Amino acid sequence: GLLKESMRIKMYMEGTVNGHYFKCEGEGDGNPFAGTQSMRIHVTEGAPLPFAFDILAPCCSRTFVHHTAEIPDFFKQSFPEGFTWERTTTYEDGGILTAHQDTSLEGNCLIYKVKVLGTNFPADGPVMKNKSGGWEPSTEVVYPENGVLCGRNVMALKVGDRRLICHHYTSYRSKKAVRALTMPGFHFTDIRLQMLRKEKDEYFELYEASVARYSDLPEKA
């Protein structure tokens, strides 16, 4: 019973994208077992952001995933010690967004500390011109490599009727000893990250659902 049906979240984020320094703080809630969560993010320095917050949204919670088919849950097994994630996202028009995150549990409150370095976003591109309209839903590929949980994803940024593709390369590291966890095998995480509200490039509300599953396609003989 270390995680509850209803969890509080506090997030601190600091970074630079294309030389622009910013800091963000967020508060949220969700059901880790139902795989649902929302969050409110304030830009506290470098407002207004001169780039689409869409690139920061996936930096903002892997404890909140509905696990199907008895798939071992790397993230929840990691408490009370918690876990980190590190990701590089390559954008097909040239942006590169690297982030390192820390997850901790204090009573009922998950604590997120994120560092974000963004480089070579094209000045004319939809990130730096803030023309994006959110993410399509996605499916992460999750597999083990010596007690590290690995992530790969293809994500599509809405740019009117066009889609800008980026590529996620993620490592999830337990702060619990490897020998104390059941590692999952290869599996999938459906993720749907929605921006519900935004104001003056300084305030954002997010909503995310996540489900760990195997392929629904049957395997032949």
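Numbering starts at 1 and runs along the sequence shown.
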_For the step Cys60 to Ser61, what size class fits the number of deposited residues with no coordinates, none, 1 to 3, 4 to 9, or 10 or more?_
1 to 3
_Stretch exceeding the other in mean C-alpha B-factor - 102 to 110, 80 to 88_ = 102 to 110
*Taking only the CA atoms, which stretch has the higher mean B-factor in the record, 50 to 58 or 179 to 187?*
179 to 187
*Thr170 - Cα temperature factor, lowest/middle/highest third of chain*: lowest
*According to the PDB entry, is the CA B factor of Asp73 in the bottom, middle or top third of its chain, that is, lowest, middle or highest?*
middle
*asked:* Per the entry's values, where does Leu196 land by CA temperature factor relative to the rest of its chain, in the lowest, middle or highest third?
replied: highest
_For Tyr203, the third of its chain into which the C-alpha B factor falls_ = lowest
*CA B-factor ranking of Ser138, expressed as a third of its chain*: middle
